[PDB]
Structures are given as structure tokens and as C-alpha cells.
């Protein structure tokens, strides 16, 4: 990981970041016992391998909010910690890899088109999709799961269209066995995200968009622990007589 940040820029960021934390300590009268706890908790986060989790839950949303200023296309959201590159490519109309267990869940049929800002459909567009199963697990983050379970890179058609069947996502509880759970527990917080799809949508000569999609009336939409839900990203799927949920959502890309 590299960035082009100048010494001057880092100096300024570091000054107000530290200034800000030091201001919080002064405001609340943080005590030595509390300082000692905080020190050990930071150590524990690293030893538990939880930096990606903690940062993606409590910090990334502000980083996307910065990126969001520069963008006219479909709203972005956090990547979160569970993305895997090079998920196997699938045809424009497809179902994601899943287990026999997953086949017991109500299907979600997700259709739409990738377009530019004027509404023109894009060819060569890809839709990388990943999400949790009904048990609350991500493939590659649960040793029982086939490595691409509920993961794929969908090659859109010459018009930019896709029709992707998956399972209906359910709410996701973040790992609570470690320091991040402990941080949440200690303040009577809620360790839950709403049900969500993760997507990265790309196309030749376009700025990719990393986003998420949520479900109308879903649990936790108004109290997402990661602060990553946006009203523009809430889907309202319709149930057909086959008992499957159907929704269309188009992606709009900014130029690269």
C-alpha cells in the first residue's frame, strides 16, 4: 500500500488527528486507568487481526464520503473487509455459485444495465458481486464454505445488461468474539449490519464504483453499525408467483 501524500500533507493530517483525540481526552477527563485499558485494547485489536474489520466498520464510511464528493454516478458505499479479487467470470444471465444449503433460501433475481451519465448502455462492463449467506458467513472467511460461494464477476452483455440470481441476503452480525465486539458490548451498541449485496461495477474508460444494496424495511437499515447505508441504495424487490424476489437496479458510471 502506497500513497503520494507529501510530508506537508501528512504533518497537517497528523496534527489535527492527534489534536482531535487529545481534545476528546480533555473534554471527557479520560483517566489513567482508562488510558491503560485503551492501550491494551489497541494491542488486542492487532493481535486479534481485527484492524481491517475495525477500520472498515468505524472509519471507511468517511473515506467513501470523500470519494462521493467527486462523483455524479450511482452512489458508492464502503468495500468492507470481505472483497476478493478475480472471482470467476459468469455470463450476463447467471446464478452465483452456491451450496445445496443455499438453494433452500428464497431466490433474488437482480437485473439491470450498466450505463454512462447520459444513460447510454456500456459494453465490456463487469459486475463483481459478493455477499453473506443466510448463516451470516462470507466465503473465504469461514473454512466450511466453497471459496467462491456467493461470489462472481458477471460479464454484462453488449448493451451492459445483466440478470443475476442469488439468494436473498439476510442481516449480518459482525464478529463479536474479539476486541471489536468488546468495544461494541462495552457501550451497549449493536453489532449488526442490515442485509446487503456488495458490488464493484466497472467498464472500459469509466471510474469503477464500489457499492452496496440493501432491502426496503430490512432490520438494521436505520442503525447499521458501519454507518454505510444510504437511502439511494435501498432495493424494493417484488415477489413473483414463483415465490422469487425480483428487482432491477441500473448502475451509472463516471468517466475515468
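Superpose the two forms; the largest set of C-alphas matching within 1.5 Å is the rigid core. Residue numbers count along the first chain shown, from 1.
- Choosing between 175-183 and 84-92, the greater Cα displacement from the shown form in 7 other deposited structures of this protein, fitted by the core, goes with 175-183.
- When 120-128 is weighed against 107-115, 120-128 comes out higher, by mean CA B-factor as recorded in the entry.
- For the segment pair 199-207 and 55-63, the entry gives 199-207 the higher mean B-factor, averaged over Cα atoms.
- Across 212, 70, 227, 40, the greatest Cα temperature factor reported in the deposited entry is at 70.
- Across 150, 78, 155, 84, the greatest Cα temperature factor reported in the deposited entry is at 155.
- Sort the modelled residues of the chain by CA B factor and residue 90 lands in the highest third.
- For residue 166, the recorded CA temperature factor ranks within the lowest third of the chain's modelled residues.
- Remark: residue 27 belongs to the highest third of its chain, ranked by C-alpha B-factor as recorded.
- Sort the modelled residues of the chain by CA B factor and residue 44 lands in the lowest third.
- Residue 139 sits in the lowest third of its chain by CA B factor, as recorded in the PDB entry.
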